[PDB]
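**Student:** give me coordinates for this.
(chains A, B, C and D, ligands or ions: 3)
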Amino acid sequence: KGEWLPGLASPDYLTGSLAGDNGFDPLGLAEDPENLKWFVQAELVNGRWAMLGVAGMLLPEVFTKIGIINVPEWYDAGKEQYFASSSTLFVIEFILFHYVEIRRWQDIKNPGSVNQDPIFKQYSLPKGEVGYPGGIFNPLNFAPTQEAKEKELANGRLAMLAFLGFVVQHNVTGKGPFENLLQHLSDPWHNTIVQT
Amino acid sequence: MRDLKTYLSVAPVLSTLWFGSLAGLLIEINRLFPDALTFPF
Amino acid sequence: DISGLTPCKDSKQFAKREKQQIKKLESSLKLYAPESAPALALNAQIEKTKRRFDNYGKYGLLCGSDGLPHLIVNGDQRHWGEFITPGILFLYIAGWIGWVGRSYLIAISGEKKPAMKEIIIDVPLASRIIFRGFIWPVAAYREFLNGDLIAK
Amino acid sequence: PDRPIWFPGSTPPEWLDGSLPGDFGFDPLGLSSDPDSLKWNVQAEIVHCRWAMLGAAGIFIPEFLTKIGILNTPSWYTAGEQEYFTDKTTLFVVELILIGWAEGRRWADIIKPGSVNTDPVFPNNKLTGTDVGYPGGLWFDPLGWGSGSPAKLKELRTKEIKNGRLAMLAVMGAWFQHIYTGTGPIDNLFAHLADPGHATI
Ligand code: CLA
Ligand SMILES: CC(/C=C/C=C(C)/C=C/[C@@]12O[C@]1(C)C[C@@H](O)CC2(C)C)=C\C=C\C=C(C)\C=C\C=C(C)\C=C\[C@@]12O[C@]1(C)C[C@@H](O)CC2(C)C
Ligand SMILES: CC(/C=C/C=C(C)/C=C/[C@@]12O[C@]1(C)C[C@@H](O)CC2(C)C)=C\C=C\C=C(C)\C=C\C=C(C)\C=C\[C@@]12O[C@]1(C)C[C@@H](O)CC2(C)C
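**Tutor:** Numbers count the residues shown, from 1 in each chain, chains lettered A, B, ... in the order given. Ligands and ions are numbered 1, 2, ... in the order given. The coordinates are given below.
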């Protein structure tokens, strides 16, 4: 579709049949079709996780302007005491995520092989694409048209860049992502990466 | 000149330019941060 | 105290070495007028020596009985900056160089006279290939999985 | 083939056939023997001309008005030492971003001509110029003088080039005069006009 850089030609292997195809591959990673098949799923999962991560790192700090709750910052949330030890929670998380991610992985190898429930055999996911399971994962039956997929990919890429910015700013400034915005909005020409 | 550009791509001249730039970079790096025995970061 | 060693900051021999070096530097300065350039150079040398000794004291090195720092390479987390991190950086850089060389060699293998492209380098193609080695681990690992790394 | 030459009686180089605006056959070292180098050098000369004309105006018109006392601006040499509303590095970064967007589209038109002639936001808007380095359209030619017969064009494009070269020489002269004599360029002119025989290097 669109060109990431006018005046340059698109790669041959990027034919525009994929969602969010702007012909961006200067370093040629996806020349091998198997690499492309793996990297599509990698991008999807990374974007979907980063969107939730950013949403959870930003909004629980926006409370200061509205003053509903009192929650520690995203980099101090770990040290707080909880009803269970950190090791127990980590063990349970590992136990569940092992099964979940092994179930997801088998679809990439042999599509359509894990669409059936293992305990209640009368239940099965409708046939779909590799990275878009559907079924009970889509309770509202929204149509997965190409426009919605492109919107999803754009939001995922933006959120990934936002998470990288959130990580890098804290190492330098030492404050929260929202506090960095208000300081910039106070004196825009004096509060940038160039401190002076 | 095409022939002049060809002579600049021969192995000895290119190697000399590359190694001169490399040595300059290393000398400046050791000038800014002298006596490095450990990676402290 | 690994292997019976002691921290540099508590070592008396380290301080004695510093004092001897500084005293040796100071005896040469008495031969010159304070305003002269050699006096300035000797002052800079003395300051640099003091700074180097202070920095070695700060980083948590270990000294022996001779007052000289020793390196631990067994993998202990308290000394990862001595061997592990520079090793990983060197491995990354060497893999970059090797991958770029292999890519350039493969690129010109299909030409009519591949030998002439080795004595007279094709600058634009190499420049285009130079940037690609920045992600060499991913490309190398995926090539290993696909079986294209080893010649048949 | 019968155009005036820089060195009358000599023979112009083979690659300089008189087709370009401002061509006098001056290329002793053969820096543009091949066509690609010729095109690149033509574009570099046109850009250097346009920046040097802006720079010459900005150096000399302000300094003259200060001397006759109408304005009170500082010297052009030390104009980068005054304190503005923000630190200089921030201004440099803003400059870099804006001029990078401006020049980046100019790079793509050199490599692939006529690929960047459309407005990315409002496709109703276009540039009209056919020739690389002469973009035209309502942005760069609002009066419509930049198109016409080949006679009308080869004059205007030669006038631009001859003025730009003079401006480049004048700018370098002003730099070296301020380096050596240590005084503004206008003072040098008045000193020369006072005692032309002796007010010299
Ligand atoms: C457009 C070009 C140009 C012009 C008009 C001038 C004009 C002037 N320069 Mg000058 N200069 C120039 C370029 C120019 N310079 C360059 C490029 C340099 C760097 C080498 C210098 C270095 C320089 C110094 C060091 C000094 C002057 C001085 C002077 C003034 C006294 C005359 C003199 O002794 O200069 C001699 C001129 C030169 C050595 C440069 C040669 C002239 C160039 C090649 C252009 C030739 C003009 C052109 C071919 C004729 C037609 C165009 C005409 C309408 C201008 C005079 C106003 C003196 C001063 O301050 O006045 C009191 C002085 O001390 N200039
Ligand atoms: C998933 C992700 C992050 C997820 C974060 C999560 C969940 C965070 C959770 C937490 O916060 C909460 C919620 C609770 C907080 O208290 C605590 C923690 C737990 C910390 C990031 C991905 C992040 C991914 C990023 C940044 C990727 C960047 C990749 C780029 C730029 C690639 C560029 C190229 O790829 C192309 C396009 C083509 C190549 O050819 C050319 C190049 C140039 C090489
Ligand atoms: C290129 C140049 C010189 C050219 C050299 C020549 C003739 C070479 C000619 C030859 O190659 C040929 C043709 C053919 C070959 O066979 C032989 C040689 C002999 C090799 C000069 C200037 C080149 C470039 C110039 C003039 C740059 C301009 C600078 C500007 C715009 C400055 C602006 C400002 O001054 C303001 C306005 C206000 C201030 O406050 C701030 C600043 C920023 C300082």
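**Student:** chain neighbours aside, what residue packs nearest to residue C:46?
**Tutor:** Distances taken as CB to CB, 6 or more residues apart in numbering or on different chains put residue C:25 closest to residue C:46, at 5.1 Å, once the chain neighbours are dropped. C-beta: built from backbone N, CA, C; applies to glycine.
**Student:** distance of the one you found from residue D:63?
**Tutor:** Using CB to CB, to the nearest Å, one obtains 53 Å as the distance from residue C:25 to residue D:63.
**Student:** still on that earlier bit, the residue nearest to residue C:46: which element?
**Tutor:** Under the assignment given by DSSP states H and E, the secondary-structure element containing residue C:25 is helix C:12-29.
**Student:** list the buried ones in that helix?
**Tutor:** Applying a neighbour-count criterion of 16 or more other CB atoms under 10 Å in any protein chain shown, one finds C:14, C:17-18, C:21, C:29 buried in helix C:12-29.
**Student:** count of neighbours near residue C:79?
**Tutor:** Residue C:79 has 20 neighbours, counted by other CB atoms under 10 Å in any protein chain shown.
**Student:** helix, strand or coil: sort out the closest residue to it other than its chain neighbours for me.
**Tutor:** The spatial neighbour of residue C:79 that comes closest, neighbours along the chain excluded (CB to CB, 6+ apart), is residue C:72 at 4.2 Å. Under DSSP: H, G, I helix; E, B strand; the rest coil, residue C:72 falls in the coil class.
**Student:** how about the contacts made by residue C:72?
**Tutor:** Contact criterion CB atoms under 8 Å, 6 or more residues apart in numbering or on different chains gives C:2, C:62, C:78-79, C:82-83 as the residues in contact with residue C:72.
**Student:** mind checking if stretch D:49-66 is in reach of ligand 1?
**Tutor:** No. Counting by CB under 6 Å from any ligand atom, ligand 1 has no neighbours in stretch D:49-66; the shortest distance is 9.3 Å.
**Student:** report the buried residues of that stretch.
**Tutor:** Within stretch D:49-66, the residues scored as buried using 16+ other CB under 10 Å are D:49, D:52-53, D:55-56, D:59-60, D:62-63, D:66.
**Student:** stretch A:5-19 now?
**Tutor:** Across stretch A:5-19, burial judged by 16+ other CB under 10 Å covers A:6-7, A:10, A:14, A:19.
**Student:** residue nearest the centroid of the chain?
**Tutor:** You didn't pick a chain, so chain A it is. residue A:47 (2.4 Å; CA atoms, centre = their mean).
**Student:** the intended chain is chain D.
**Tutor:** Per CA atoms, centre = their mean, the C-alpha nearest to the average position across chain D is that of residue D:49, at 1.9 Å.
**Student:** mind checking the backbone torsions on it?
**Tutor:** Torsion angles at residue D:49 (phi, psi; degrees, to the nearest 10) stand at phi -60, psi -50.
**Student:** which residue ranges of chain D form helices?
**Tutor:** With DSSP state H, the ranges of helices along chain D come out as D:35-67, D:88-111, D:137-140, D:150-181, D:185-194.
**Student:** again but with chain A, I slipped
**Tutor:** Under the criterion DSSP H, chain A carries helices at the ranges A:33-66, A:86-109, A:146-173, A:177-186.
**Student:** starting at the chain centroid, how far to the longest one?
**Tutor:** The reference is to helix A:33-66. In terms of CA atoms, centre = their mean, to the nearest Å, the gap separating the centre of helix A:33-66 from the centre of its chain is 2 Å.
**Student:** contacts with chain D among the buried residues of stretch A:5-19, please.
**Tutor:** For chain D, the contacts drawn from the buried residues of stretch A:5-19 by CB under 8 Å from any CB of the partner chain are A:6-7.
**Student:** and the buried residues of stretch A:5-19, which two are furthest apart?
**Tutor:** In terms of CB to CB, the buried residues of stretch A:5-19 reach their longest pairwise distance at A:7 and A:19, which sit 24.8 Å apart.
**Student:** ok, back up a step: name the nearest residue to the residue nearest to the centre of chain A, sequence neighbours excluded.
**Tutor:** On the basis of CB to CB, 6+ apart, the spatially nearest residue to residue A:47 that is not a chain neighbour turns out to be residue A:156, at 2.2 Å.
**Student:** closest residue of chain D to ligand 2?
**Tutor:** Ligand 2 sits closest to residue D:104 of chain D, with a gap of 17.4 Å, by CB to the nearest ligand atom.
**Student:** neighbours around that residue, how many?
**Tutor:** With neighbours defined by other CB under 10 Å, the count for residue D:104 comes to 13.
**Student:** separation between it and residue D:74?
**Tutor:** Remark: distance between residue D:104 and residue D:74 (CB to CB) = 33 Å.
**Student:** equivalent analysis for residue A:191, please.
**Tutor:** Taking CB to CB as the criterion, residue A:191 is separated from residue D:74 by 29 Å.
**Student:** run through the helices of chain B in chain order.
**Tutor:** Listed from the start of the chain, chain B has helices (DSSP H) covering B:2-8, B:11-32.
**Student:** of the ones you listed, give the one that comes closest to residue A:166.
**Tutor:** Comparing the helices of chain B against residue A:166 with CB to CB, the closest turns out to be helix B:11-32 (30.6 Å).
**Student:** does the closest one come close to chain C?
**Tutor:** Yes. Using CB under 8 Å from any CB, we find that helix B:11-32 touches chain C at B:11, B:14.
**Student:** what does that helix contact?
**Tutor:** Residues from elsewhere that reach helix B:11-32 (CB under 8 Å, 6+ apart): B:7-8, B:36, C:118-121.
**Student:** from those, which single one is nearest ligand 2?
**Tutor:** For the contacts of helix B:11-32, the closest approach to ligand 2 (CB to the nearest ligand atom) belongs to residue C:121, at 24.8 Å.
**Student:** in this structure the closest one contacts residue B:8, no?
**Tutor:** No. Distance between residue C:121 and residue B:8: 9.8 Å, which falls outside the contact criterion (CB atoms under 8 Å).
**Student:** hmm, residue A:183 is touching residue A:192, no?
**Tutor:** No. With contact taken as CB under 8 Å, residue A:183 and residue A:192 are classed as non-touching, separated by 10.0 Å.
**Student:** number of nearby residues for whatever residue of chain C ends up closest to ligand 1?
**Tutor:** Closest residue of chain C to ligand 1, CB to the nearest ligand atom: residue C:37 (32.3 Å). The burial count assigned to residue C:37 is 9, neighbours taken as other CB under 10 Å.
**Student:** reformat the buried residues of helix C:12-29 as CSV; add distance to residue A:104.
**Tutor:** Written out in CSV, the entries for the buried residues of helix C:12-29 read as follows (distance: CB to CB, whole Å):
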residue, distance to residue A:104
C:14, 57
C:17, 61
C:18, 61
C:21, 63
C:29, 72
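**Student:** and the residue in chain A positioned nearest to ligand 3, what does it touch?
**Tutor:** Residue nearest to ligand 3 within chain A: residue A:194 (20.5 Å; CB to the nearest ligand atom). By CB under 8 Å, 6+ apart, residue A:194 lies in contact with D:87, D:89-90, D:93.
**Student:** between those residues, which has the most around it?
**Tutor:** Most surrounded of those: other CB under 10 Å gives residue D:90, at 19 neighbours.
**Student:** against residue A:42, how distant is the residue nearest to that residue when sequence neighbours are not counted?
**Tutor:** In this structure, residue D:90 finds its nearest non-sequential neighbour in residue A:194, 5.3 Å apart by CB to CB, 6+ apart. The span separating residue A:194 from residue A:42 equals 35 Å under the rule CB to CB.
**Student:** buried sites along stretch D:157-172?
**Tutor:** Neighbour counts using 16+ other CB under 10 Å place D:157, D:160-161, D:164-165, D:167-168, D:170-171 of stretch D:157-172 among the buried residues.
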